[PDB]
Amino acid sequence: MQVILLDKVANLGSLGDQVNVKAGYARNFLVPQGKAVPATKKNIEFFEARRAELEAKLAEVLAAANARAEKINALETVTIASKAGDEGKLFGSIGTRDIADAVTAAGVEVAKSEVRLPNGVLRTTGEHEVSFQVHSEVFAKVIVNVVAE
Amino acid sequence: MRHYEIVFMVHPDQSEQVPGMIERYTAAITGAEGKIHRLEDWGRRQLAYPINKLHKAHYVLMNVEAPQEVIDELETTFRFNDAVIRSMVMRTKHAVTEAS
Amino acid sequence: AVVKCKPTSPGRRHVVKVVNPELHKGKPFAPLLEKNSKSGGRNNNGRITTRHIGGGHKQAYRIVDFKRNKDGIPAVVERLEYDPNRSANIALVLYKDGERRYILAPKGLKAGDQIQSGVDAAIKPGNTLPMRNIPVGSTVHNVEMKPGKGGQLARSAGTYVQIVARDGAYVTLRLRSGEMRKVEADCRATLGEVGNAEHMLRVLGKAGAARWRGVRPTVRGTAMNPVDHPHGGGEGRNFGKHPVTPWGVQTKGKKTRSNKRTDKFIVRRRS
Amino acid sequence: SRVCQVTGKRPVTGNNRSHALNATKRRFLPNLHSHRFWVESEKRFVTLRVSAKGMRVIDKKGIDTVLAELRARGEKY
RNA sequence: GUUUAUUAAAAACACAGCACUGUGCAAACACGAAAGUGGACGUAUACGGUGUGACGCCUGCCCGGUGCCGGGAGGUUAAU
Ligand SMILES: [Mg+2]
Ligand SMILES: [Mg+2]
Ligand SMILES: [Mg+2]
Ligand SMILES: [Mg+2]
Ligand SMILES: [Mg+2]
Ligand SMILES: [Mg+2]
Ligand SMILES: [Mg+2]
Ligand SMILES: [Mg+2]
Ligand SMILES: [Mg+2]
Ligand SMILES: [Mg+2]
Ligand SMILES: [Mg+2]
Ligand SMILES: [Mg+2]
Ligand SMILES: [Mg+2]
Ligand SMILES: [Mg+2]
Ligand SMILES: [Mg+2]
Ligand SMILES: [Mg+2]
Ligand SMILES: [Mg+2]
Ligand SMILES: [Mg+2]
Ligand SMILES: [Mg+2]
Ligand SMILES: [Mg+2]
Ligand SMILES: [Mg+2]
Ligand SMILES: [Mg+2]
Ligand SMILES: [Mg+2]
Ligand SMILES: [Mg+2]
Ligand SMILES: [Mg+2]
Ligand SMILES: [Mg+2]
Ligand SMILES: [Mg+2]
Ligand SMILES: [Mg+2]
Ligand SMILES: [Mg+2]
Ligand SMILES: [Mg+2]
Ligand SMILES: [Mg+2]
Ligand SMILES: [Mg+2]
Ligand SMILES: [Mg+2]
Ligand SMILES: [Mg+2]
Ligand SMILES: [Mg+2]
Ligand SMILES: [Mg+2]
Ligand SMILES: [Mg+2]
Ligand SMILES: [Mg+2]
Ligand SMILES: [Mg+2]
Ligand SMILES: [Mg+2]
Ligand SMILES: [Mg+2]
Ligand SMILES: [Mg+2]
Ligand SMILES: [Mg+2]
Ligand SMILES: [Mg+2]
Ligand SMILES: [Mg+2]
């Protein structure tokens, strides 16, 4: 496969390169998410003039907008005051939904799929560093704090 | 009713919780009639051998008078709790003071 | 108790009854009852798939709660009842709010005992918990294999799973077979041992005891003719061929396990 | 039925020739799979039961170009 | 108790009990090109297969052969 690339691919690609890839990677990952497109005569012509000059930079400034999205919440900390057991050992495990809702209610307006958790589902009561995937390169560092009521 | 001598040991990282844990185990017994005769936190003391693959356990000596209902309820709370590395409960022969 | 029957008539001679004096003498709670029509071992196509089943006493299905969805609501055990559809006995649990449900009765349980279920609760026989909350090296039953499902493992009278170990998300269980199976920690498990442990010591006594339990006579291959079964014919009790099913596959030492997708979950096979 | 949505590859019959040429009737099934294809036109996934060679036709042409041909015959997807 | 309706009712079949064996649940297994059904709205004190055939006393030696189970280096070994 040829495959012309719209987005910055992690390892092999780098915006508008016609590098060879396995068809599965094209049809299961690169195409459906809108990262690359198949390169067959007429597509190459759409990428040559229209996309590469204008829409590549519009796709680039959206990464700067994604970098700005991290700067919405200048505090970078969330104090979860959920219900707890008898000295540690929390009532329920804090999933991605509670963190996403707690951050969205008063902080960054980010979706749940971007919110990652390095140290599991967070059952221990205390301070926990959490990192979101706002952009492929730039990661956030929010200081989540689980407090026992 | 009956005098006892509880000596339990606690995991190093959860030694911060021990001030709290004492306040709960005191609250259980002191509410039910019998008083606590001695409070003596030995602290992070070195172990003679490794229990549960670690060194330096946090010892806590209570020594308390209580009925049989409460002391056995306290004995069950040690086993259903990962913080407490072992414990033992002695018999009467009156109350005491001092010694370490 | 396990009471032997006196030998007034041959057939009575050998009978041993598991006479539980607690099991409610009266009709069950109707709202959880429903019909359970017998198949007789036949399927969609009307053909005997599984042999040796047909007849027996008519029996209704009691809707037993394996899932245990009621979180943080105490529930008094109203009365113990006889489930005809199951080996274990059942307990008519009455929840504090109003609902009534049937559950499998654990060993240490009577009418008046209280049960709580959910996330926190207490560590006590009958109380349902996620396996992450349950202590390591503890007797459980009514165990789920997948989180949020009903309850698969250890439901038969006197059966119980033991939790051996755990590493974060997974819990290693030692099942009654001897098999050490790895399950998910979010799965629930009703604490303690399943009651009616004396079940095993009953001995039926007569042919008709099997027939009113919904079992039919098993004819031995050797008795049959060569057309019917691989063991067959021979003028006066011959054999001389290796033990096999009616359909040629070798019984008597032959590994028929071939799932392959679940093999990752099995830590160690039974012995 | 074991029919590819795209190409129309059905299961044909034939013989199962042994070393002594004993012709026993068999049948050749096609390599079918229920795959989900992202259609860029309407921004959605479309489940199609296709042969492995069908997928190569969907990769050769456009999924839209194949869905144009599928709708011409009068089929669903 | 069942059995050769229409020449055999028995010592034959079954039987309760006994054992070996398979089966961790989308169970083994069975019917079925498949979907899907039974098994079972059952979950190893359960289920299928094989043998033996209440109860009492017992059930000895052989793993060379045929099967099965485990080992997994070496030899030989198909498509590719
Ligand atoms: Mg390939
Ligand atoms: Mg009645
Ligand atoms: Mg049915
Ligand atoms: Mg029907
Ligand atoms: Mg059977
Ligand atoms: Mg036995
Ligand atoms: Mg038996
Ligand atoms: Mg039998
Ligand atoms: Mg015969
Ligand atoms: Mg034949
Ligand atoms: Mg037949
Ligand atoms: Mg034959
Ligand atoms: Mg004969
Ligand atoms: Mg002979
Ligand atoms: Mg012979
Ligand atoms: Mg053979
Ligand atoms: Mg054979
Ligand atoms: Mg063995
Ligand atoms: Mg064809
Ligand atoms: Mg055709
Ligand atoms: Mg051939
Ligand atoms: Mg011919
Ligand atoms: Mg589908
Ligand atoms: Mg008849
Ligand atoms: Mg007759
Ligand atoms: Mg006759
Ligand atoms: Mg005739
Ligand atoms: Mg006659
Ligand atoms: Mg016996
Ligand atoms: Mg047996
Ligand atoms: Mg088949
Ligand atoms: Mg059913
Ligand atoms: Mg016999
Ligand atoms: Mg005999
Ligand atoms: Mg005999
Ligand atoms: Mg004997
Ligand atoms: Mg012998
Ligand atoms: Mg000898
Ligand atoms: Mg040998
Ligand atoms: Mg072998
Ligand atoms: Mg090795
Ligand atoms: Mg090798
Ligand atoms: Mg080799
Ligand atoms: Mg070789
Ligand atoms: Mg070679």
# chains A, B, ... in the order shown; residues from 1 in each chain; ligands from 1
>>> interface_residues(of="chain C", to="chain B", cutoff="10 Å", atoms="only C-alpha atoms", output="PDB file with N, CA and C atoms, in the first residue's frame")
ATOM      1  N   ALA C 122     -19.867  -6.668  55.771  1.00  0.00           N
ATOM      2  CA  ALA C 122     -19.010  -7.379  56.732  1.00  0.00           C
ATOM      3  C   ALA C 122     -18.504  -8.711  56.175  1.00  0.00           C
ATOM      4  N   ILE C 123     -17.379  -9.179  56.717  1.00  0.00           N
ATOM      5  CA  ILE C 123     -16.809 -10.485  56.368  1.00  0.00           C
ATOM      6  C   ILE C 123     -17.484 -11.536  57.256  1.00  0.00           C
ATOM      7  N   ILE C 134     -12.662  -9.417  49.612  1.00  0.00           N
ATOM      8  CA  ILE C 134     -12.572 -10.644  50.417  1.00  0.00           C
ATOM      9  C   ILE C 134     -11.100 -10.967  50.745  1.00  0.00           C
ATOM     10  N   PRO C 135     -10.797 -11.352  52.010  1.00  0.00           N
ATOM     11  CA  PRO C 135      -9.431 -11.768  52.385  1.00  0.00           C
ATOM     12  C   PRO C 135      -8.875 -12.964  51.602  1.00  0.00           C
ATOM     13  N   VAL C 136      -7.549 -13.022  51.483  1.00  0.00           N
ATOM     14  CA  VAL C 136      -6.867 -14.136  50.816  1.00  0.00           C
ATOM     15  C   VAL C 136      -6.886 -15.333  51.771  1.00  0.00           C
TER      16      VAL C 136
END
>>> interface_residues(of="chain C", to="chain E", cutoff="8 Å", atoms="only C-alpha atoms (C1' of nucleotides)", output="PDB file with N, CA, C and O atoms, in the first residue's frame")
ATOM      1  N   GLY C  11     -36.125 -53.017  49.474  1.00  0.00           N
ATOM      2  CA  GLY C  11     -36.246 -51.739  48.777  1.00  0.00           C
ATOM      3  C   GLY C  11     -36.224 -50.598  49.776  1.00  0.00           C
ATOM      4  O   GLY C  11     -35.597 -49.569  49.522  1.00  0.00           O
ATOM      5  N   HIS C  14     -32.284 -50.512  52.459  1.00  0.00           N
ATOM      6  CA  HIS C  14     -31.047 -49.743  52.324  1.00  0.00           C
ATOM      7  C   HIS C  14     -31.227 -48.227  52.317  1.00  0.00           C
ATOM      8  O   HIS C  14     -30.232 -47.510  52.263  1.00  0.00           O
ATOM      9  N   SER C  39     -38.098 -31.489  29.274  1.00  0.00           N
ATOM     10  CA  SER C  39     -37.751 -31.754  27.875  1.00  0.00           C
ATOM     11  C   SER C  39     -37.701 -33.255  27.574  1.00  0.00           C
ATOM     12  O   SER C  39     -37.986 -33.672  26.449  1.00  0.00           O
ATOM     13  N   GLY C  41     -34.902 -34.963  27.635  1.00  0.00           N
ATOM     14  CA  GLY C  41     -33.646 -35.184  26.926  1.00  0.00           C
ATOM     15  C   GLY C  41     -33.653 -34.966  25.425  1.00  0.00           C
ATOM     16  O   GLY C  41     -32.671 -35.309  24.755  1.00  0.00           O
ATOM     17  N   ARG C  42     -34.734 -34.392  24.893  1.00  0.00           N
ATOM     18  CA  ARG C  42     -34.823 -34.066  23.467  1.00  0.00           C
ATOM     19  C   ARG C  42     -34.685 -32.563  23.247  1.00  0.00           C
ATOM     20  O   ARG C  42     -34.790 -31.782  24.193  1.00  0.00           O
ATOM     21  N   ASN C  43     -34.470 -32.173  21.991  1.00  0.00           N
ATOM     22  CA  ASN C  43     -34.121 -30.794  21.627  1.00  0.00           C
ATOM     23  C   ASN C  43     -35.083 -30.213  20.573  1.00  0.00           C
ATOM     24  O   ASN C  43     -36.150 -30.786  20.338  1.00  0.00           O
ATOM     25  N   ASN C  44     -34.717 -29.077  19.965  1.00  0.00           N
ATOM     26  CA  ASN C  44     -35.443 -28.487  18.817  1.00  0.00           C
ATOM     27  C   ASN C  44     -35.932 -29.514  17.804  1.00  0.00           C
ATOM     28  O   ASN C  44     -37.103 -29.517  17.418  1.00  0.00           O
ATOM     29  N   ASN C  45     -35.016 -30.389  17.396  1.00  0.00           N
ATOM     30  CA  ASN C  45     -35.292 -31.433  16.406  1.00  0.00           C
ATOM     31  C   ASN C  45     -36.073 -32.638  16.950  1.00  0.00           C
ATOM     32  O   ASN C  45     -36.367 -33.564  16.195  1.00  0.00           O
ATOM     33  N   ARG C  47     -35.179 -34.985  19.071  1.00  0.00           N
ATOM     34  CA  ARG C  47     -34.377 -36.197  19.185  1.00  0.00           C
ATOM     35  C   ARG C  47     -33.616 -36.241  20.494  1.00  0.00           C
ATOM     36  O   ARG C  47     -33.103 -35.221  20.946  1.00  0.00           O
ATOM     37  N   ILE C  48     -33.517 -37.439  21.069  1.00  0.00           N
ATOM     38  CA  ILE C  48     -32.789 -37.658  22.317  1.00  0.00           C
ATOM     39  C   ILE C  48     -31.332 -37.255  22.126  1.00  0.00           C
ATOM     40  O   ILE C  48     -30.562 -37.976  21.486  1.00  0.00           O
ATOM     41  N   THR C  49     -30.974 -36.090  22.661  1.00  0.00           N
ATOM     42  CA  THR C  49     -29.592 -35.622  22.625  1.00  0.00           C
ATOM     43  C   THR C  49     -28.841 -36.219  23.807  1.00  0.00           C
ATOM     44  O   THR C  49     -27.853 -36.935  23.628  1.00  0.00           O
ATOM     45  N   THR C  50     -29.330 -35.915  25.007  1.00  0.00           N
ATOM     46  CA  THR C  50     -28.827 -36.505  26.241  1.00  0.00           C
ATOM     47  C   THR C  50     -29.745 -37.660  26.616  1.00  0.00           C
ATOM     48  O   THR C  50     -30.965 -37.496  26.675  1.00  0.00           O
ATOM     49  N   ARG C  86     -32.584 -28.225  42.539  1.00  0.00           N
ATOM     50  CA  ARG C  86     -31.192 -27.991  42.920  1.00  0.00           C
ATOM     51  C   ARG C  86     -30.765 -28.965  44.016  1.00  0.00           C
ATOM     52  O   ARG C  86     -31.605 -29.497  44.748  1.00  0.00           O
ATOM     53  N   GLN C 152     -21.431 -18.804  38.814  1.00  0.00           N
ATOM     54  CA  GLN C 152     -21.178 -20.090  38.168  1.00  0.00           C
ATOM     55  C   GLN C 152     -20.646 -21.133  39.149  1.00  0.00           C
ATOM     56  O   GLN C 152     -21.242 -22.193  39.303  1.00  0.00           O
ATOM     57  N   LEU C 153     -19.547 -20.807  39.828  1.00  0.00           N
ATOM     58  CA  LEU C 153     -18.718 -21.808  40.510  1.00  0.00           C
ATOM     59  C   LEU C 153     -19.171 -22.032  41.952  1.00  0.00           C
ATOM     60  O   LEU C 153     -19.520 -21.078  42.651  1.00  0.00           O
ATOM     61  N   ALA C 154     -19.151 -23.297  42.376  1.00  0.00           N
ATOM     62  CA  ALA C 154     -19.547 -23.723  43.727  1.00  0.00           C
ATOM     63  C   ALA C 154     -20.970 -23.312  44.114  1.00  0.00           C
ATOM     64  O   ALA C 154     -21.170 -22.359  44.870  1.00  0.00           O
ATOM     65  N   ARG C 155     -21.946 -24.024  43.557  1.00  0.00           N
ATOM     66  CA  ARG C 155     -23.362 -23.863  43.920  1.00  0.00           C
ATOM     67  C   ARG C 155     -24.002 -25.127  44.497  1.00  0.00           C
ATOM     68  O   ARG C 155     -25.091 -25.056  45.069  1.00  0.00           O
ATOM     69  N   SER C 156     -23.338 -26.273  44.352  1.00  0.00           N
ATOM     70  CA  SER C 156     -23.898 -27.544  44.792  1.00  0.00           C
ATOM     71  C   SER C 156     -23.711 -27.718  46.300  1.00  0.00           C
ATOM     72  O   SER C 156     -22.781 -27.158  46.906  1.00  0.00           O
ATOM     73  N   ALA C 157     -24.605 -28.507  46.890  1.00  0.00           N
ATOM     74  CA  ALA C 157     -24.651 -28.711  48.334  1.00  0.00           C
ATOM     75  C   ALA C 157     -23.291 -29.143  48.879  1.00  0.00           C
ATOM     76  O   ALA C 157     -22.690 -30.082  48.363  1.00  0.00           O
ATOM     77  N   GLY C 158     -22.796 -28.431  49.894  1.00  0.00           N
ATOM     78  CA  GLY C 158     -21.475 -28.714  50.458  1.00  0.00           C
ATOM     79  C   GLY C 158     -20.275 -28.257  49.638  1.00  0.00           C
ATOM     80  O   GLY C 158     -19.139 -28.515  50.039  1.00  0.00           O
ATOM     81  N   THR C 159     -20.504 -27.573  48.512  1.00  0.00           N
ATOM     82  CA  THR C 159     -19.404 -27.136  47.642  1.00  0.00           C
ATOM     83  C   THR C 159     -18.891 -25.764  48.085  1.00  0.00           C
ATOM     84  O   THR C 159     -19.635 -24.977  48.668  1.00  0.00           O
ATOM     85  N   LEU C 175     -10.575 -24.627  42.883  1.00  0.00           N
ATOM     86  CA  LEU C 175     -11.929 -25.193  42.812  1.00  0.00           C
ATOM     87  C   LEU C 175     -11.987 -26.616  43.361  1.00  0.00           C
ATOM     88  O   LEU C 175     -10.952 -27.276  43.512  1.00  0.00           O
ATOM     89  N   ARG C 176     -13.204 -27.090  43.628  1.00  0.00           N
ATOM     90  CA  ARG C 176     -13.417 -28.411  44.256  1.00  0.00           C
ATOM     91  C   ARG C 176     -12.912 -29.610  43.453  1.00  0.00           C
ATOM     92  O   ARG C 176     -12.667 -30.676  44.022  1.00  0.00           O
ATOM     93  N   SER C 177     -12.769 -29.437  42.142  1.00  0.00           N
ATOM     94  CA  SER C 177     -12.088 -30.419  41.299  1.00  0.00           C
ATOM     95  C   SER C 177     -10.616 -30.612  41.681  1.00  0.00           C
ATOM     96  O   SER C 177     -10.076 -31.713  41.544  1.00  0.00           O
ATOM     97  N   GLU C 179      -8.706 -28.014  40.398  1.00  0.00           N
ATOM     98  CA  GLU C 179      -8.239 -27.070  39.391  1.00  0.00           C
ATOM     99  C   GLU C 179      -8.000 -25.693  39.994  1.00  0.00           C
ATOM    100  O   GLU C 179      -8.840 -25.178  40.745  1.00  0.00           O
ATOM    101  N   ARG C 181      -7.877 -22.113  38.988  1.00  0.00           N
ATOM    102  CA  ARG C 181      -8.364 -21.244  37.919  1.00  0.00           C
ATOM    103  C   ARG C 181      -8.209 -19.787  38.334  1.00  0.00           C
ATOM    104  O   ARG C 181      -8.529 -19.420  39.464  1.00  0.00           O
ATOM    105  N   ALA C 197     -24.739 -30.094  53.351  1.00  0.00           N
ATOM    106  CA  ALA C 197     -23.557 -30.945  53.130  1.00  0.00           C
ATOM    107  C   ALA C 197     -23.838 -32.450  53.263  1.00  0.00           C
ATOM    108  O   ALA C 197     -23.129 -33.266  52.672  1.00  0.00           O
ATOM    109  N   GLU C 198     -24.868 -32.801  54.034  1.00  0.00           N
ATOM    110  CA  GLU C 198     -25.307 -34.195  54.190  1.00  0.00           C
ATOM    111  C   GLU C 198     -25.932 -34.808  52.926  1.00  0.00           C
ATOM    112  O   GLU C 198     -26.018 -36.035  52.832  1.00  0.00           O
ATOM    113  N   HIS C 199     -26.373 -33.970  51.980  1.00  0.00           N
ATOM    114  CA  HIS C 199     -26.883 -34.407  50.660  1.00  0.00           C
ATOM    115  C   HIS C 199     -26.172 -35.640  50.103  1.00  0.00           C
ATOM    116  O   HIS C 199     -26.810 -36.600  49.688  1.00  0.00           O
ATOM    117  N   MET C 200     -24.844 -35.577  50.097  1.00  0.00           N
ATOM    118  CA  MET C 200     -23.970 -36.655  49.600  1.00  0.00           C
ATOM    119  C   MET C 200     -24.212 -38.035  50.233  1.00  0.00           C
ATOM    120  O   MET C 200     -24.052 -39.054  49.561  1.00  0.00           O
ATOM    121  N   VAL C 203     -28.760 -42.344  49.929  1.00  0.00           N
ATOM    122  CA  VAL C 203     -28.487 -43.524  49.094  1.00  0.00           C
ATOM    123  C   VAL C 203     -29.685 -44.096  48.318  1.00  0.00           C
ATOM    124  O   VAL C 203     -29.612 -45.232  47.851  1.00  0.00           O
ATOM    125  N   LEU C 204     -30.767 -43.328  48.171  1.00  0.00           N
ATOM    126  CA  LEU C 204     -31.920 -43.714  47.333  1.00  0.00           C
ATOM    127  C   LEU C 204     -32.595 -45.039  47.732  1.00  0.00           C
ATOM    128  O   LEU C 204     -33.753 -45.032  48.150  1.00  0.00           O
ATOM    129  N   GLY C 205     -31.893 -46.163  47.564  1.00  0.00           N
ATOM    130  CA  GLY C 205     -32.314 -47.458  48.116  1.00  0.00           C
ATOM    131  C   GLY C 205     -32.940 -48.426  47.131  1.00  0.00           C
ATOM    132  O   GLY C 205     -32.726 -49.638  47.225  1.00  0.00           O
ATOM    133  N   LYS C 206     -33.713 -47.890  46.191  1.00  0.00           N
ATOM    134  CA  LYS C 206     -34.482 -48.684  45.235  1.00  0.00           C
ATOM    135  C   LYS C 206     -34.324 -48.098  43.837  1.00  0.00           C
ATOM    136  O   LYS C 206     -33.835 -46.978  43.675  1.00  0.00           O
ATOM    137  N   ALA C 207     -34.722 -48.877  42.835  1.00  0.00           N
ATOM    138  CA  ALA C 207     -34.713 -48.431  41.441  1.00  0.00           C
ATOM    139  C   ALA C 207     -35.616 -47.218  41.248  1.00  0.00           C
ATOM    140  O   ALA C 207     -35.203 -46.208  40.674  1.00  0.00           O
ATOM    141  N   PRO C 217     -33.305 -45.909  32.945  1.00  0.00           N
ATOM    142  CA  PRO C 217     -32.302 -46.975  33.010  1.00  0.00           C
ATOM    143  C   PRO C 217     -31.185 -46.860  31.973  1.00  0.00           C
ATOM    144  O   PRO C 217     -31.458 -46.622  30.795  1.00  0.00           O
ATOM    145  N   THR C 218     -29.947 -47.041  32.431  1.00  0.00           N
ATOM    146  CA  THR C 218     -28.764 -47.028  31.576  1.00  0.00           C
ATOM    147  C   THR C 218     -28.412 -48.452  31.170  1.00  0.00           C
ATOM    148  O   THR C 218     -27.938 -49.239  31.997  1.00  0.00           O
ATOM    149  N   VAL C 219     -28.628 -48.769  29.895  1.00  0.00           N
ATOM    150  CA  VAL C 219     -28.303 -50.086  29.354  1.00  0.00           C
ATOM    151  C   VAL C 219     -26.827 -50.112  28.972  1.00  0.00           C
ATOM    152  O   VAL C 219     -26.328 -49.194  28.318  1.00  0.00           O
ATOM    153  N   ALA C 223     -24.232 -55.471  26.680  1.00  0.00           N
ATOM    154  CA  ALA C 223     -25.528 -56.140  26.512  1.00  0.00           C
ATOM    155  C   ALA C 223     -26.100 -56.039  25.094  1.00  0.00           C
ATOM    156  O   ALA C 223     -26.783 -56.955  24.629  1.00  0.00           O
ATOM    157  N   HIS C 242     -11.460 -51.870  23.159  1.00  0.00           N
ATOM    158  CA  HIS C 242     -11.154 -50.822  24.132  1.00  0.00           C
ATOM    159  C   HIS C 242     -12.413 -50.008  24.444  1.00  0.00           C
ATOM    160  O   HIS C 242     -13.156 -49.669  23.521  1.00  0.00           O
ATOM    161  N   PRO C 243     -12.671 -49.722  25.740  1.00  0.00           N
ATOM    162  CA  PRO C 243     -13.799 -48.902  26.177  1.00  0.00           C
ATOM    163  C   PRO C 243     -14.012 -47.631  25.357  1.00  0.00           C
ATOM    164  O   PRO C 243     -13.064 -46.890  25.106  1.00  0.00           O
ATOM    165  N   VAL C 244     -15.261 -47.403  24.960  1.00  0.00           N
ATOM    166  CA  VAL C 244     -15.648 -46.329  24.046  1.00  0.00           C
ATOM    167  C   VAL C 244     -17.071 -45.873  24.354  1.00  0.00           C
ATOM    168  O   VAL C 244     -17.838 -46.585  25.002  1.00  0.00           O
ATOM    169  N   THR C 245     -17.413 -44.692  23.856  1.00  0.00           N
ATOM    170  CA  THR C 245     -18.766 -44.154  23.936  1.00  0.00           C
ATOM    171  C   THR C 245     -19.662 -44.928  22.964  1.00  0.00           C
ATOM    172  O   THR C 245     -19.175 -45.788  22.225  1.00  0.00           O
ATOM    173  N   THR C 251     -13.644 -43.509  25.780  1.00  0.00           N
ATOM    174  CA  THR C 251     -13.753 -43.151  27.198  1.00  0.00           C
ATOM    175  C   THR C 251     -12.603 -43.801  27.971  1.00  0.00           C
ATOM    176  O   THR C 251     -11.759 -44.481  27.384  1.00  0.00           O
ATOM    177  N   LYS C 252     -12.575 -43.577  29.286  1.00  0.00           N
ATOM    178  CA  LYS C 252     -11.657 -44.278  30.192  1.00  0.00           C
ATOM    179  C   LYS C 252     -10.197 -43.854  29.962  1.00  0.00           C
ATOM    180  O   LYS C 252      -9.331 -44.673  29.644  1.00  0.00           O
ATOM    181  N   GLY C 253      -9.957 -42.555  30.136  1.00  0.00           N
ATOM    182  CA  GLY C 253      -8.647 -41.941  29.913  1.00  0.00           C
ATOM    183  C   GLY C 253      -8.527 -41.386  28.506  1.00  0.00           C
ATOM    184  O   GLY C 253      -7.980 -42.039  27.623  1.00  0.00           O
ATOM    185  N   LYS C 254      -9.062 -40.183  28.300  1.00  0.00           N
ATOM    186  CA  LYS C 254      -8.993 -39.489  27.008  1.00  0.00           C
ATOM    187  C   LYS C 254      -9.366 -38.015  27.181  1.00  0.00           C
ATOM    188  O   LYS C 254     -10.524 -37.694  27.426  1.00  0.00           O
ATOM    189  N   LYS C 255      -8.388 -37.129  27.019  1.00  0.00           N
ATOM    190  CA  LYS C 255      -8.566 -35.703  27.318  1.00  0.00           C
ATOM    191  C   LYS C 255      -9.428 -35.025  26.244  1.00  0.00           C
ATOM    192  O   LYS C 255      -8.961 -34.804  25.124  1.00  0.00           O
ATOM    193  N   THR C 256     -10.679 -34.709  26.590  1.00  0.00           N
ATOM    194  CA  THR C 256     -11.618 -34.042  25.668  1.00  0.00           C
ATOM    195  C   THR C 256     -11.688 -32.510  25.838  1.00  0.00           C
ATOM    196  O   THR C 256     -12.460 -31.845  25.142  1.00  0.00           O
ATOM    197  N   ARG C 257     -10.900 -31.965  26.769  1.00  0.00           N
ATOM    198  CA  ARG C 257     -10.682 -30.516  26.878  1.00  0.00           C
ATOM    199  C   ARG C 257     -10.075 -30.002  25.574  1.00  0.00           C
ATOM    200  O   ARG C 257      -9.006 -30.464  25.165  1.00  0.00           O
TER     201      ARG C 257
END
>>> interface_residues(of="chain A", to="chain D", cutoff="12 Å", atoms="only C-alpha atoms", output="list in words")
residues 1, 2, 3, 22, 23, 24, 26, 27, 28, 29, 30, 31, 32, 33, 34, 36, 37, 38, 39, 40, 41, 42 and 43 of chain A
>>> write_last_selection(atoms="N, CA and C atoms", output="short mmCIF file (atom, residue, chain, number, x, y, z; two decimals), in the first residue's frame")
data_model
loop_
_atom_site.label_atom_id
_atom_site.label_comp_id
_atom_site.auth_asym_id
_atom_site.auth_seq_id
_atom_site.Cartn_x
_atom_site.Cartn_y
_atom_site.Cartn_z
N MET A 1 0.85 -1.24 0.00
CA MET A 1 0.00 0.00 0.00
C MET A 1 0.86 1.26 0.00
N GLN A 2 0.37 2.31 -0.66
CA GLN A 2 1.06 3.61 -0.69
C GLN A 2 0.69 4.43 0.55
N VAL A 3 -0.59 4.81 0.64
CA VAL A 3 -1.16 5.55 1.78
C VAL A 3 -0.51 6.92 2.04
N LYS A 22 1.35 -1.99 6.10
CA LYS A 22 0.51 -3.19 5.97
C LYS A 22 -0.97 -2.81 5.99
N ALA A 23 -1.74 -3.44 5.09
CA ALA A 23 -3.14 -3.07 4.82
C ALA A 23 -4.03 -2.97 6.06
N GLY A 24 -3.80 -3.86 7.03
CA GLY A 24 -4.48 -3.80 8.33
C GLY A 24 -4.29 -2.47 9.04
N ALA A 26 -3.52 0.34 7.65
CA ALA A 26 -4.26 1.31 6.84
C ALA A 26 -5.76 1.28 7.15
N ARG A 27 -6.40 0.13 6.92
CA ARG A 27 -7.87 0.06 7.01
C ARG A 27 -8.46 -0.02 8.43
N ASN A 28 -7.69 -0.50 9.41
CA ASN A 28 -8.17 -0.59 10.80
C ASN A 28 -7.80 0.61 11.68
N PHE A 29 -6.68 1.28 11.38
CA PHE A 29 -6.17 2.38 12.22
C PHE A 29 -6.03 3.71 11.49
N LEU A 30 -5.20 3.75 10.44
CA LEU A 30 -4.85 5.02 9.79
C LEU A 30 -6.01 5.71 9.07
N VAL A 31 -6.83 4.92 8.36
CA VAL A 31 -8.01 5.44 7.65
C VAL A 31 -9.17 5.86 8.58
N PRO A 32 -9.75 4.91 9.36
CA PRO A 32 -11.00 5.21 10.10
C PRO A 32 -10.94 6.36 11.11
N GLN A 33 -9.80 6.53 11.77
CA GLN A 33 -9.57 7.67 12.67
C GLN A 33 -9.34 9.00 11.92
N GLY A 34 -9.02 8.92 10.63
CA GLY A 34 -8.79 10.09 9.79
C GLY A 34 -7.36 10.58 9.87
N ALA A 36 -4.62 8.94 7.89
CA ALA A 36 -4.12 8.83 6.52
C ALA A 36 -5.25 8.49 5.55
N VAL A 37 -4.94 8.55 4.26
CA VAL A 37 -5.88 8.25 3.17
C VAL A 37 -5.15 7.39 2.12
N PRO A 38 -5.86 6.46 1.45
CA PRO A 38 -5.21 5.73 0.34
C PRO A 38 -4.81 6.64 -0.82
N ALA A 39 -3.61 6.41 -1.36
CA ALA A 39 -3.04 7.23 -2.43
C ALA A 39 -3.18 6.51 -3.77
N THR A 40 -4.23 6.87 -4.51
CA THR A 40 -4.52 6.29 -5.82
C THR A 40 -4.90 7.41 -6.80
N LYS A 41 -3.88 7.98 -7.44
CA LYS A 41 -4.01 8.96 -8.53
C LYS A 41 -4.70 10.27 -8.11
N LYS A 42 -6.03 10.23 -7.95
CA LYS A 42 -6.83 11.42 -7.66
C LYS A 42 -6.66 11.97 -6.24
N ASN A 43 -6.40 11.09 -5.27
CA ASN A 43 -6.13 11.51 -3.89
C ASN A 43 -4.84 12.32 -3.77
#
